[PDB]
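Heads up: the structure comes next, in structure tokens.
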Amino acid sequence: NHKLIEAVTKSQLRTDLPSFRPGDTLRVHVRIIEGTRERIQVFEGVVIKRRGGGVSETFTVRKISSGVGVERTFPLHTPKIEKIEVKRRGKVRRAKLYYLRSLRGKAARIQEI
Amino acid sequence: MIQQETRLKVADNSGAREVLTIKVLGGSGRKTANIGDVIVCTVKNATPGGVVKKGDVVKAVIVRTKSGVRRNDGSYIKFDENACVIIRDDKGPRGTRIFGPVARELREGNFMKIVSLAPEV
Amino acid sequence: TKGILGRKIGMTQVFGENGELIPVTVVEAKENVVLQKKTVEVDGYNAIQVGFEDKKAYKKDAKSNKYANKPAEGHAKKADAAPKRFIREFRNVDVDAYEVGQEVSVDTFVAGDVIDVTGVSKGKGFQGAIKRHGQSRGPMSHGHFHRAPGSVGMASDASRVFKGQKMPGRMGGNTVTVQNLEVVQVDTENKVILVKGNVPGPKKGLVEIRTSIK
Amino acid sequence: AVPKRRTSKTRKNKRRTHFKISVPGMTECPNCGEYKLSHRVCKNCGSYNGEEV
Amino acid sequence: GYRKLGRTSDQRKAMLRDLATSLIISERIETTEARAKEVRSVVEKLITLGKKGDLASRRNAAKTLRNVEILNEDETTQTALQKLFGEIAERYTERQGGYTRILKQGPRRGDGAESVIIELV
RNA sequence: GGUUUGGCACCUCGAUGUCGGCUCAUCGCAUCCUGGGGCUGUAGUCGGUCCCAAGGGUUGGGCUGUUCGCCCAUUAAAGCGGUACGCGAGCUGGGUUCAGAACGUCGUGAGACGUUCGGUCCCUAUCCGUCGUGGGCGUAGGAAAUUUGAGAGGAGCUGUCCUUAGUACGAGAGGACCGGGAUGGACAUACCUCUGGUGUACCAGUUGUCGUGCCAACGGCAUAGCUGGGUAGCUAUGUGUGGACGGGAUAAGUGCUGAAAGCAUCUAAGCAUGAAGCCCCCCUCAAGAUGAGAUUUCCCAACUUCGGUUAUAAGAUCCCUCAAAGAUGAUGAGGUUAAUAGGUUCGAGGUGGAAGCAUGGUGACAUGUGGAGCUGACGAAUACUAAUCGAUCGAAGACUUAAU
């Protein structure tokens, strides 16, 4: 980039994370503070959006919770994500999958590899 | 982003269905609201066999939305449906159950019963 | 108490230690030299005078404003510095600075969290009664008043336009300041302040980062 | 909208103070020995002389 | 969007393809200023495909050139794709960029257009 | 008082052409809210009246052409009036007041006064006014920067919750003042890292039909042919900031000492205190402020009797390569002592597996060579191309009086 923005933002660029592409179903562990403890709550769904932009890149993972679909967007280098692990790998022919925001239950399936 | 005459589902068994919006409670000249504010609804559709009949000015709280809220860590959230919960004169829901994932934002020490009834939050 | 001069670089974000997320502005601050010291002993007020991003020395066929001319070189000879390009001036400081040119340190804003950034503006130039002043526009289906200003005055009992109406013209370019921004992280070996939030200027601009008054 | 008055001969000649054309900005083409407009080639025999065109 | 020319975004794409394929042939053309501060940005991205000499590049250069035919190779045909990859793409095989130049003639009569001559260096 | 309905017929019948709401204002105090007091039939919360006070604020809809109005949900409050019942060379034409038609009614008759359906809204801004932005000359020599601020603009609003305290005051119910903190509403300004919008020389799929001689690969035309994403830029619904706390003089009022008037008395002589208001504080423009200021720095001779010149100096400019600037001129980054554009080689972002061949299959198509190839605006690198040769303007420092 400008090589002065980039030289300051390399301590805040946290790299210990696996590699993936859209069309994959992750399993996030976030660290909420809601409670007597400071518990760790999972989230499981399929990835829609990017992983690029620099030190500001964000992904997007959605699931069908209890009838009503939900989405979550995370900054990739937060201290709030504990770890990321992969369930299954797909083949989607796209880079951003917005067409799963209207498909019902057996049309929102993505094949494996 | 809720407005002055949009419709909302109701996500409980309080004897109601799609309610309208009349006015957004807060300051004056206020034009939008989001997760965790009160409004003034009116019942445009009802389940026959309930305790709230059609054509009746009730309050609510916006529980889900398609816009979402932005948290302290920069995490976003997006539902895919708008929904609300009819609330009584003191803060507690009129119904018994709640048929959906409420938002994680919703309580502040204040709605300590709506988050105690959801399937997940 | 004093300030530095800075050239805007861009905007990215850091994270707080608690879990927050700070959007921040990269403002670099290279060689800054105190070029004189205007005192009340000689005519006037109490102030100092800094420079920034020095030029080259002199040339016979000096063609443009890359090289320093003869009047702006003897001014940067008494304070034995290189000829600086952007020269500004700061009041309400101490006399800790020497009148002879010492370098102004970027290491003096390490936790000073009262910052006024005095940029110029981005200078839009896109004129117009709506986009300049934020006025409303009439109905684009029923009537005709698509984008225009309306009454510029009352009627024939005035029969003039009051000085200070709101009409089109060249928007943007006026100097503005923003108040009570904080500082995230200073640096050495890059000489970069990280001032929280946006600053008023284009990229490669010029800002003046001085300690707040309120 | 129409004029209200006949604009005079004092007010007419003032308004075209700034209505004129400027000098071309000529040079001396040093090989042929003519005038040419600067940063252009010669219409006679003539080189560009930083390019010999 | 490099620079518009008063053409309607569909003519400007098929105008530069009428200046490029007539500049590899005649080796110099006479045209207006702004029609030749842009064709230096096309024909210098097209001798670069000449220095490669691929099969992909013999096809990927054909979508920005016309199919005209040249006669005097002492009576032998030479399509304008074949004049490149050839006597044009071998004259410049050791010059990294800067294949053109712009020589300002004068204003033309009766239009006031600053005429220039572009020619391959 | 001069807003209503009127009275007079003075100005305009060779045109002063008429209601309400949009757009944008601006002023008055007879104040709806907030600020400070005085009585109270004021216990406390709420109220009622009256005096000082114009600094900001003053909602979103249903029914009516509506003026009034009535109702619904809020809110700190939903103030009353003037400006040709503000504003039609800014918009609306529903209305009132044109030709057609119908009812009720009056008329023997042509037709008429309460409702009804339809019914052309013209103009290229000369001068004053306003909003921007450049030339000329002036500030006693000619130039490059940095600034004092005479004056004048901008901003000014306020909810709720916890704590002092379930204390003070109260038969209970109910429940504070002055303080001290957090967090939102509307409005103003700045910016593109974040969610999103546009993105018409970018990347991909696909229908029709002509062309490149044919299969394969691709170009034209159909809104950009349509559909899915989309870098820079420009933006808001997005993200940051703001109205902070002071100081001096006062209004209504509360005062202390004190006589006229042995007492009393806020006053006539002398003194304190007192508001969102007044003058500063904060932000912006500003020496054409002809009262034309100030501080640092640069250039300083050869002439002639022409009493004053002609040129150069320091410095800017025409001209060309451009943007961080832009209607044009201006401002700013550059002109061979050169990285200002174009190309070029490297990337970051964007798309999502190019062609050719090799393998699988009856064919559609699928896998592998390969996170491949193509890539407009953002970051670096190197003089290969164009910024050539040159030209025009620009000082010699007047006089009088007290100081040296």
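Computed from the coordinates by the stated procedures, all read-outs in this text should not be read as laboratory data. A quick note on method: Cβ atoms are made from the backbone with ideal geometry, for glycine too, and the neighbour counts reach across all protein chains shown.
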Open item on the list: I need every pair where a residue in segment B:12-41 that is over 23 Å from B:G55 (Cα atoms) has its Cβ under 8 Å from the Cβ of a residue that is among the polar types (S, T, N, Q) and in a loop (DSSP other than H, G, I, E, B), sequence separation at least 6 or different chains.
Closed with: B:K31/B:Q3; B:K31/B:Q4; B:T32/B:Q3; B:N34/B:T65; B:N34/B:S67; B:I35/B:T65
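Tell me, which strands (runs of 3 or more DSSP E) wholly within segment B:14-118 include 1 or more residues that are within 14 Å of chain A (Cβ to nearest Cβ)? Before the answer, list the steps.
On the way: elements: B:19-24, B:38-43, B:57-64, B:76-78, B:83-85.
Hits in segment B:14-118: B:57-64, B:76-78, B:83-85.
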- [ ] Would you be able to say whether some residue in segment D:30-44 is near RNA strand F (Cβ under 8 Å from one of its atoms), exposed (fewer than 10 other Cβ atoms within 10 Å of the Cβ) and farther than 23 Å from E:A113 by Cα?
- [x] no
Task: Those residues of segment A:90-107 which are in a loop (DSSP other than H, G, I, E, B) and hydrophobic (A, V, I, L, M, F, W, C), in sequence order - done: A:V92, A:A95, A:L97, A:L103, A:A107
- [ ] Being of a type in the set (A, V, I, L, M, F, W, C) and within 16 Å of RNA strand F (Cβ to nearest atom) is the filter; apply it to segment B:1-13 and report the residue that is nearest to the other protein chains (Cβ to nearest Cβ).
- [x] B:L8
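From A:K10, A:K87, A:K3, which residue is more than 18 Å from C:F15 (Cβ to Cβ) and either assigned to a loop (DSSP other than H, G, I, E, B) or without any contact (Cβ under 8 Å) to a residue 24 or more places away in the chain (or both)? Before you say what the answer is, go through the steps one by one.
Numbers: A:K10 fails: more than 18 Å from C:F15 (Cβ to Cβ); A:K87 fails: either assigned to a loop (DSSP other than H, G, I, E, B) or without any contact (Cβ under 8 Å) to a residue 24 or more places away in the chain (or both).
One residue alone meets the criteria, A:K3.
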Task: Residue pairs meeting the criteria (Cβ under 6 Å; at least 6 apart or on separate chains; first under 20 Å from A:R31 (Cα atoms), in segment B:104-118; second charged (D, E, K, R) and surrounded by 12 or more Cβ atoms within 10 Å (Cβ to Cβ)) - done: B:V115/B:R107
Task: Scan of segment E:83-104 for residues that are among the polar types (S, T, N, Q) and surrounded by 15 or more Cβ atoms within 10 Å (Cβ to Cβ), ordered by number - done: E:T100
Open item on the list: Out of the residues in segment A:1-20 meeting the condition of being surrounded by 13 or more Cβ atoms within 10 Å (Cβ to Cβ) and under 30 Å from A:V92 (Cβ atoms), tell me which one is farthest from the other protein chains (Cβ to nearest Cβ).
Closed with: A:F20
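Can you tell me how many residues in segment C:19-46 are among the small types (G, A, S) and surrounded by 15 or more Cβ atoms within 10 Å (Cβ to Cβ)? I'd like the intermediate steps shown before the answer.
Going residue by residue through segment C:19-46, those that are among the small types (G, A, S) are C:19, C:29, C:44.
In the following step, the residues that additionally are surrounded by 15 or more Cβ atoms within 10 Å (Cβ to Cβ) were identified as C:19, C:29.
Count: 2.
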Open item on the list: Which count do you get for residues in segment A:21-37 that are in a loop (DSSP other than H, G, I, E, B), within 12 Å of another protein chain (Cβ to nearest Cβ) and not charged (D, E, K, R)?
Closed with: 3
Task: Filtered residues of segment C:24-76 (kept if charged (D, E, K, R) and on the phi > 0 side of the Ramachandran plot) - done: C:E53
Open item on the list: Restricting to segment C:73-110, and then to whatever is of a type in the set (V, I, T) and surrounded by fewer than 17 Cβ atoms within 10 Å (Cβ to Cβ), can you tell me which residue is farthest from C:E182 (Cα to Cα)?
Closed with: C:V100
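So is D:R6 surrounded by 10 or more Cβ atoms within 10 Å (Cβ to Cβ) and assigned to a loop (DSSP other than H, G, I, E, B) or not?
Numbers: surrounded by 10 or more Cβ atoms within 10 Å (Cβ to Cβ): no; assigned to a loop (DSSP other than H, G, I, E, B): yes.
So D:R6 fails the test.
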Open item on the list: Condition (residue is under 20 Å from C:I209 (Cβ atoms) and part of a loop (DSSP other than H, G, I, E, B)) applied to segment C:32-48: is it met by at least one residue?
Closed with: yes
TODO: Could you tell me which numbered condition C:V207 fails, if it satisfies all but one of (1) under 19 Å from the mean Cα position of the chain (by Cα); (2) near RNA strand F (Cβ under 6 Å from one of its atoms)?
DONE: (2)
TODO: Could you please find all residues in segment A:42-56 being surrounded by 14 or more Cβ atoms within 10 Å (Cβ to Cβ) and either within 12 Å of RNA strand F (Cβ to nearest atom) or not aromatic (F, W, Y) (or both)?
DONE: A:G45, A:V46, A:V47, A:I48, A:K49, A:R50, A:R51, A:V55, A:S56
Open item on the list: For A:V47, only one of the following conditions fails: (1) under 16 Å from the mean Cα position of the chain (by Cα); (2) at the interface with chain B (Cβ under 9 Å from one of its Cβ atoms). What is its number?
Closed with: (2)
- [ ] Could you please give the count of residues in segment E:55-67 that are part of a loop (DSSP other than H, G, I, E, B), within 8 Å of RNA strand F (Cβ to nearest atom) and touching a helix residue (DSSP H, G or I) at 6+ places or on another chain (Cβ under 8 Å)?
- [x] 1
Task: Any hit, segment B:47-59, residues being within 9 Å of RNA strand F (Cβ to nearest atom), at negative phi, surrounded by fewer than 15 Cβ atoms within 10 Å (Cβ to Cβ) and hydroxyl-bearing (S, T, Y) - done: no
TODO: Go through A:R31, A:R88 for me and flag whichever is farther than 21 Å from B:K66 by Cβ, of a type in the set (D, E, K, R) and surrounded by fewer than 15 Cβ atoms within 10 Å (Cβ to Cβ).
DONE: A:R88
Task: Candidates E:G86, E:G110, filtered to the one that is more than 30 Å from D:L37 (Cβ to Cβ), more than 13 Å from RNA strand F (Cβ to nearest atom), part of a loop (DSSP other than H, G, I, E, B) and free of Cβ contacts under 8 Å to residues at least 60 places away in the same chain - done: E:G86
Task: Search result, residues across segment E:8-51 that are more than 19 Å from E:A61 (Cα to Cα), more than 9 Å from RNA strand F (Cβ to nearest atom) and charged (D, E, K, R) - done: E:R28, E:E30, E:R35
Task: Any pair with Cβ under 8 angstrom, 6 or more apart, that starts in segment E:21-47 at a residue that is farther than 16 Å from E:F85 by Cα and ends at one that is among the aromatic types (F, W, Y) and within 10 Å of RNA strand F (Cβ to nearest atom) - done: E:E38/E:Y2; E:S41/E:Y2
TODO: For D:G50, state whether it is loosely packed, with under 10 Cβ neighbours inside 10 Å and in a loop (DSSP other than H, G, I, E, B).
DONE: yes
TODO: Could you give me the residue pairs with C-beta distances under 6 Å whose first residue belongs to segment B:51-69 and is in contact (Cβ under 8 Å) with a residue 60 or more places away in the chain, whose second residue is part of a strand (DSSP E or B) wherever it lies, and which are 6+ apart or on separate chains?
DONE: B:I62/B:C84
Task: Residue among C:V50, C:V26 that alone is more than 8 Å from RNA strand F (Cβ to nearest atom), among the hydrophobic types (A, V, I, L, M, F, W, C), touching a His at 6+ places or on another chain (Cβ under 9 Å) and within 20 Å of C:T108 (Cα to Cα) - done: C:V26
Open item on the list: Quick check on this structure: which one of C:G128, C:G123, C:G138, C:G153 is more than 23 Å from the chain's Cα centre (by Cα) and within 6 Å of RNA strand F (Cβ to nearest atom)?
Closed with: C:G138
